[PDB]
Structure formats: structure tokens, C-alpha cells
Asker: 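Structure provided below as C-alpha cells; questions to follow.
The figures here come from the full heavy-atom set of this structure, side chains too, leaving out hydrogens, waters and symmetry mates. This chain uses plain numbering: 1 for the first residue, then up along the sequence. Read the numbers this way: they start at 1 and go in the same order the structure lists the ligands and their atoms.
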Amino acid sequence: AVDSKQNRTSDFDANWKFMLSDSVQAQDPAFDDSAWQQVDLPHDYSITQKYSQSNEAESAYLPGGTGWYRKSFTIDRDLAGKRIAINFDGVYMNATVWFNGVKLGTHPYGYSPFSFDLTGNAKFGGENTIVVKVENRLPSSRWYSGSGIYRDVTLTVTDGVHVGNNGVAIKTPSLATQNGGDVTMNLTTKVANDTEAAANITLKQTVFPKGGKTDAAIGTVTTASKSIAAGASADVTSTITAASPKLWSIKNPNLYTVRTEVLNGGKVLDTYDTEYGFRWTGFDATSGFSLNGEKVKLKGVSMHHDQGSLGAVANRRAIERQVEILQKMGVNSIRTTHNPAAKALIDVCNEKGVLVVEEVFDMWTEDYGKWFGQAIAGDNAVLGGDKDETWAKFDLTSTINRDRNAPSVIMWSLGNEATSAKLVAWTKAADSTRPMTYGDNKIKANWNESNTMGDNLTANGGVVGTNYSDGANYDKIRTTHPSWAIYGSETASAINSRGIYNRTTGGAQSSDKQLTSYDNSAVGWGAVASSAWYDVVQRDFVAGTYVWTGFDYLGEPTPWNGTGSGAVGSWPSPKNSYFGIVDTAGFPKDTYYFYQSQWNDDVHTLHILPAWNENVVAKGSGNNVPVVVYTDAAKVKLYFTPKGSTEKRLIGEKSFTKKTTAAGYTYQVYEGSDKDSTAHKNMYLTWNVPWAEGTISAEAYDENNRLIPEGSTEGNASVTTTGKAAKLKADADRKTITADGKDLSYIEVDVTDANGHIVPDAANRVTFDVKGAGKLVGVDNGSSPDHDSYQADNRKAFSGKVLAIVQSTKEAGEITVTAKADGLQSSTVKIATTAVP
Ligand SMILES: *[C@@H]1C[C@@H](O)[C@@H](O)[C@@H](CO)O1
Ligand SMILES: [Ca+2]
């Protein structure tokens, strides 16, 4: 049902048919697909298949396969003469596209956007059929990719004379000094003349605050007449003087719409909008990163693309929720390891104020490595980037073309350890406004290839990323290469489960397929969170850090990882990662509050581990339990209240010492008499407390030695011995969502005792009854070795918590979700859905 009522670019996600099959040939329009599954995109056809130990642990034991997507739709007569194109923000992988039986082309890479023109084969005034074949033979990748059309699909309908796809490039080369007054904008606009007659057009271009009207423009320009031959294109340059634009920054992500109208005489033929933000960055070899002339430490996380129980589906609300949970931790930057992000993530970070280091590739047997250095066939009409060299150039320029105007994107990352020099040149030619980079692992060993490749980055205005360097290695790079601007492109790789306290050690396979929540567990080549941050926060020349990872992701379940088929350990084997600060369900681990005490200067943190039940704590020498406090306060007083008492007694008091760097960054370290012999562990506080039923509570004091109001800080300011499990506590993060068939509500359910305290080891199976104008689309507990179906109506809680994800329908109404558990009191939440205006 495509006609003239839809916008220039319109949502094309609804009403597809899907079939998983390696034998069908379903490209012909007359193919009978009446027995196929009916799905709304985005869609992941790996996440619904069963785990199998004949698959690979690194990709979560889930299969791939060959998936077919079909959509039959109408093109109304009122679109005769118009240009029509279908745009894929991502298809994993090896896509083949037919339109009305005619093959249009292929796209190997599973992570980059691409499009196809439909005009040449369209049946105007009749039925049309688009077919997409997806092939994921599952040697695959080092992490869970998912399979299928896992990102949004859109249709673009334009006049014959129109702005090209991603056709507007914006530069503000003097912003750093023009800031506050008139800012010069240099724009380049690609205008295509897909008619059979010569076109003579002008452009009217306007810059106005996002969501506003054109009468609020801070700058406009009309260009002189440009002649464009029939079937040709032209690059129209123009200059706008923007009157005192609001800068885009982390705290104030002010956004603008740059509207381009293609006029013929006094008639608008095409109107193209692009999102923009005014900001400039800088990387200094001595003092690190700056945003809008102000020094900023890159407090970053590496993030894979999948969304937990939803698989690879790039749902906008799922992505938005991730960024919001990271922001509460104090994260200000995301590295899209190791592939282009969904456009949805770029939109979210533009709106939320998060700096994005957008990575384009991982490395440089049937995977993308075969296609990286191959040319694009002459009869492959795929569109998106340059087609004159290799697929790598196409996918790189396609990503840059999509995101070149996004203010959140500060850097282009080219990979993660001849070809390097080619990628760097392609990036600089494609977008000169941002530095390029990559994460190099062999800089530690100081290979001659790393010295050369690092100098080549700097010579082209790039920034050097070093993977898993410690403080000594940071200093060696700084001394050996005084001209390099460096940062920790991949750090920490601590491995932890959520809610595990009966031991404080880890870093290797255990006996319960879980790992300690204490920050004493990391892979051999990595470091614990306190060690990786201590080395960065001391050094102004280390611009920042990108912790591996922010969220747990499917696949790579190190220390239970495995290349090749076969279970690692006893089945069911761990199938998602342990690197994340937050688990796949969005539930933070304990180290989340360490980072928050280090990074979030808008909140106060006071967090105690472990949970204070005898069957979950670790008893060391003298039956003492190691108690850890994460906090940003200057001083902490620790108390203990015996079970059945209302009076607390002081059991310790420790003050932080504040350190300041030359650039002005401040951090805290404990230098008391009983400090830890490992310096980085003194970024938090530790007490050895004898076990006894009761409550351990903490009070926070500021630099003036005065109390911080309790309850106003984040984290568990106290831990108490709980009773047995008695009731469930459900809570929806959003109690009203949009009835568009896309919006989600996340319902965390906690297992609590009769007094509401979370039972720290509770694993009761919780059943979800979803009624009304919504559907259950996922259940999750973040537990790596749990193989229960994400699409079931039930799941065991893990460490006292379980998650339910409900999706709206396209009819406004109410959703009722009841969480049930044998012997426990149920909990019910109600979510309203509101129609789209
Ligand atoms: C850095 C590269 C990333 O893909 C992960 O494999 C990580 C594991 O520690 O190291
Ligand atoms: Ca703080």
C-alpha cells in the first residue's frame, strides 16, 4: 500500500513473509508463500532456533541458515513518474534482492547499510513483490551476529529531480573560533536528474532547531541556477551563515534540521532533511580529548549490537534503554565494536548526548573475509557507497555517508587487531571532518608494523588506539611516540556474573558456570576494572578508555569460549559473555557502581557488596567476609546492626585522598594505614567483617566531614540478612508506551522475602501472563548457562531477578502482566498504550 500519502522516506517494516529454508527458490512473484510466517521487521531468525552443541560457543551455540523474506505490496498510480528505492539499514548477511522476479544485486557485509533502486522494475498501478534471500553459513564470527533483516527497512519515493541518497555533506571549518556568533557552514549537495529532459534547478537551504518550524531558522541560502543534464548528477556547493547556533554537547545535545529544497522556477520538486549538530573536537598528545574547547575524559564502553533476549533486533527502545543505563553509570562514549551501528543507535546518541566511536570492521571461512578485497560485479546495482574498488571501500563509505552529519560520531574506527594505508586514505577522502583510528593489540610488543601504522595514523590526523595496555605500557608509548594522540581503545575485560559472592576469585572456569561479582576476575590478557581505570585516570595523555564491555552480549562466553563445534564443559554450556558491566537483561552487576563512583559526577554512589546471607557470602580467615564499598564520597563510616536490633554500632571509618592531574581531572584513592598493597584496589574501600545475621550499613561524608543525606545516593547503601522467598515485585520501567507495534516496556521482577528484601540467590521459575494490547517478546535473567527459550512465557530468576519484555500492538489499549511463582505472592503491572497521532 505505497502511494503519495507517505513521506519522502517511510517505514517499510510491516507485513513481510518469512521462511527458513536452504532448498526453496522463492524469488518469483507467483510463489505461493501463504504458509510462511508473518513477521514485522526488524527480525532475527537465529534467536528463535534451538541451541545445539553441534554449533559453536563463540556464537552462542545458535545456528544460522538461509532465510527468505517476501513482501507483496501495491504501488499506486499517483506514484507514476516517481523514483522509488528500498533501503536496508542492515542485513546479516550475504543478501540477495529480487524485485518482481528480477535480480537487483547482492550485499555481503552484514553490518553496513545499502539500498536498491526499484523504479526500473516497478509495476506502477499494480502488485509488486520484493524478495530478500539471506545466507549465514555458521562458521561465522567470534560473537553472536544473529541472522536476517535485523534493522529497519524503508522506502524512498522522490521526484525525478531529487537530492541523492545521503546527498548533503555539512562542514563548519571555523566553528572553534566563530562559536557564539555567525558560523560559516559549507554544504555540498548531490542533485540527480533522473528525467529525460535537462533540469535547471536552484537550492533553498534552511537551518532550524529540530522539531521546530522554518520561521525559526538561524540561517538560509538560495543558490544560483545549476544546469543538470538528463540522466546526470551534479554537486551543488553552497554556504549558509548560521546566526549563533546552540552547540551540541554531552549535557546539552542541541540538534538542528538542515532542509534542502530543489526548486524548478518557483516549484519545489524535492525536499531533503538531514540532522545536524554544531560541535568540534580535539585530540592533544599531552592533554587528551576536548569537546567544544573543554577537556573531557572519554569514559567509554565497547558495545556489541545485540539486544539480549531480543537477539540482533535493532529495536529503538531496546537500544535507547541500553544508552540510558550506560548514562546513569556515567558513560559518555560508546565504541561500536566491531561494526557499524544501527542508525537507531546514532539517532539515540545524537539525542542523548553520547560520543560515538563508530567502528567499521573487525579484521581485514565463508564470511566477509572473502569479500573484503573483492570488486563489486558490474551488474550488481547495490547502492550506498563507492563501487569503483573493493567491498571494503563500499561498506566504509556507505557507513560514513549515512552518519557524516551526526554530531555524536567523533571518530571513524577502521578495525581491531598496505591495507591500513588504503583504509586511512579512503576515510580521509570520504570525511575530512573527523579523525580516524583503530584498536591495535600489538602495540604492547612494539612491532615495527605498529610503529609504522601508528605514525601513518598521526600523519593523517588520526588517533592511536591501544588495546589492553597497562600504565607502564601507556608510558612507553608516550615516551617512544611523543606525537601520538592515544587512548585505550579496548580495556579491562573483567569477567563476572551478577550476584555471586561465595568466592572473591575468578578469571577461570568455575564449578557452577558462574563467576564472582567482586572485581578480582579478569582474562589473562586483560585487567580488573579498578586496574584498567586507575592506569587511565592518572594519565592526561591517555584520552580515555573503552571498557570491554558495557553490556553482556550473546556468544564469546570466555572463560567457556570455544572455536569449533562442541560444548565447553557440561551441557548446557555458557552461551553469552561475562565481560559486561551490565548483564544481557539490563541488570547491573556490582562493578556498575564502581564505575558510577568514578564517572558520574551528577549523582552520588554508595554501594556495598556482598549480599548478607550466610549461604551466599565467602568466609575467609577467621570466618571474615570481605566487604567492598564503592562510593564517590570523601569519607565512609561502616556500621553493623545485629539481627533484631534497632541500634547500629560503628565498625570502621575510612577517608579518601583526592588527587588532581595537571589537566585538572580529579580522582580519589585510599591511602590509610591499612590500605591494600596493590594501589589500584585502593580506588574503593574494603573491610573484613565477621559474619553474623543482621545489617551492614554505610554513611557517606563529604569533604567538609558532613553527612550526605541517606537515600539520595545510588546503590545498596545497606545489606541485610533476608528471610525465605515470599513474594514477587514487578515494575515496568515505562507505564505508558506507544501503540505502534515497536515500543517496548521492560518489566523487572524481583524475588523478595516478606519484608521486600531481594533474596540474593533466588532462582524461582517465574511465569508471565500477558493480556491486552501487547505481546511478550522476550524473557531474560542474564545467566550465561541458561538455555531456556527467550520466547517462552517463563524463566527462572537468577540472583533474585528476572526480566519480561512486552511489545505494544498497533491498537491503543492496556497491557496487563501478571508474574507468578509457585508458593510466592504474584505481582501485576499495567501498561497503557497510546495511539500514534
Ligand atoms: C578485544 C577484542 C574483542 O572482540 C574481544 O574478543 C575481547 C576479548 O577480551 O578482546
Ligand atoms: Ca559522583
Asker: Is there any N or O on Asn416 that sits under 3.5 Å from an N or O of ligand 1?
Answerer: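 By distance alone, the answer is no.
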Asker: Does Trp548, backbone or side chain, put an N or O under 3.5 Å from an N or O of ligand 1?
Answerer: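 No; every N/O pair is 3.5 Å or more apart.
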Asker: Test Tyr630 against every option in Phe656, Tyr595, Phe594 by the ring pair (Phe, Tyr, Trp, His ring centres under 6.0 Å) rule and name the one that passes.
Answerer: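 Option passing the ring pair (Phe, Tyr, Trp, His ring centres under 6.0 Å) with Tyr630: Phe594.
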Asker: I need the atoms of ligand 1 closer than 4.0 Å to a non-hydrogen atom of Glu490, numbered in the order shown.
Answerer: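 Those qualifying, in numeric order: 1 (C), 2 (C), 3 (C), 5 (C), 7 (C), 10 (O).
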Asker: Relative to the heavy atoms of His338, which atoms of ligand 1 are at a distance of less than 4.0 Å?
Answerer: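 By the 4.0 Å cutoff, the relevant atoms are 2 (C), 3 (C), 4 (O).
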Asker: If the cut-off is 3.0 Å, does any N/O/S atom of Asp632 fall short of it from the Ca ion (ligand 2)?
Answerer: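 Of the N, O and S atoms in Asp632, at least one lies under 3.0 Å from the Ca ion (ligand 2), which means yes.
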Asker: Are a donor atom and an acceptor atom from the side chains of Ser59 and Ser140 found within less than 3.5 Å of each other?
Answerer: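 No, because no side-chain N or O of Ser59 sits under 3.5 Å from a partner of the opposite role on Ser140.
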Asker: Return yes if a side-chain donor-acceptor contact under 3.5 Å exists between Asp440 and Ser450, otherwise no.
Answerer: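 Judged by distance alone, the side chains do pair up.
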Asker: Side chains of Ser697 and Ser718 only: does a donor on one sit below 3.5 Å from an acceptor on the other?
Answerer: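 There is no such pair (donor and acceptor under 3.5 Å, judged by atom type) between the side chains of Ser697 and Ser718.
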Asker: Could you please compute the angle at the Ca ion (ligand 2) from O of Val603 to O of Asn600, rounded to 10°?
Answerer: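 It rounds to 90°.
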Asker: What residue among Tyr468, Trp143, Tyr553, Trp525 forms ring pair (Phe, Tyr, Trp, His ring centres under 6.0 Å) with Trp548?
Answerer: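 For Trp548, the ring pair (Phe, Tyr, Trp, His ring centres under 6.0 Å) check succeeds only for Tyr553.
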Asker: Based purely on interatomic distance, does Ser493 place a nitrogen or oxygen under 3.5 Å from a nitrogen or oxygen of ligand 1?
Answerer: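 For ligand 1, there is an N or O atom that lies under 3.5 Å from one belonging to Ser493.
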Asker: Is it true that a side-chain atom of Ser333 and a backbone atom of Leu355 form a donor plus acceptor pair closer than 3.5 Å?
Answerer: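 Between the backbone of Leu355 and the side chain of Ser333 there is a qualifying donor-acceptor contact (under 3.5 Å).
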Asker: Classify the contact between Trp143 and ligand 1 as side chain, backbone, both or neither, using a heavy-atom distance cut-off of under 4.0 Å.
Answerer: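 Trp143 to ligand 1: no contact under 4.0 Å from either part.
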